[PDB]
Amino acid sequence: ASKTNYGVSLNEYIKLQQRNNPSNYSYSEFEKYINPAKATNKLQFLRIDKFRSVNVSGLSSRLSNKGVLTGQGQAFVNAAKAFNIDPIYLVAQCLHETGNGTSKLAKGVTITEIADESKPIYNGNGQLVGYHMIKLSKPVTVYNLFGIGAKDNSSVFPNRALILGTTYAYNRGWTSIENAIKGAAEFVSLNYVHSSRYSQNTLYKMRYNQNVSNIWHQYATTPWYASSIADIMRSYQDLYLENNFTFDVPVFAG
């Protein structure tokens, strides 16, 4: 495996994660997933910034009971190929984010309006509660696997994420599962995996940025995120049709 320097000690890196994470997790939780000596699944270190051939029909068959993602081997491989990323990684990441194809935004929402976010509506009280809406000419089903655009809800605006997530998906033309899988591939490719700025081209790097100054740019906040996706990948790993697996592992300064 290639070696990517993290430039601080393992201890200091864990502490940096813990203090900067918007949620609170324990040192020991972080240590267990950050320490590469404790990894039991090497697929979190797989270089995923290249397409690898897979058995498409085998993948479709394996995606047996996966909600909206059921049997969608072709759409996954097509998206992976178009974006030069690993299709098993993409499958796994989508299965995770959508709860095996069952999340509301992933399953398809058939909408009749979208938000104009440039026209917010506030409480007499200073709180955001709505936007001016735009009525669609006819109902349109939109899909959004990762909830891109789906910003935070509040007590006085409980459906903000649903409204903005479906709006974004409409505005990006994610009106079929095939397009939404392409949109997902594009998101991770351009922002993480094939970013020349960020170079976050393994699952572990996506979660745990190798540049300490860039630790705000990380895909998720759960300590176990990269491990979780790798475990899903392992369920599909026999479907590869090639053998050119290269790995990249973190190196800490003590």
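Numbers follow the displayed sequence, beginning with 1.
Stretches compared: 14-22, 228-236. Higher mean C-alpha B-factor in the entry: 14-22. Between 83-91 and 120-128, it is 120-128 that carries the larger average Cα temperature factor according to the deposited entry. The entry assigns its greatest Cα B factor, within the set 98, 74, 159, 176, to 159. When the modelled residues of the chain are ordered by their C-alpha B factor, residue 109 lands in the middle third. Sort the chain's modelled residues by C-alpha temperature factor and residue 32 lands in the highest third, per the entry. For residue 218, the recorded CA B-factor ranks within the lowest third of the chain. Only modelled residues enter the ranking. In the PDB entry, a CA B factor belonging to the highest third of its chain's modelled residues is recorded for residue 155.
Among the modelled residues of the chain, residue 78 sits in the lowest third by CA temperature factor in this PDB entry.
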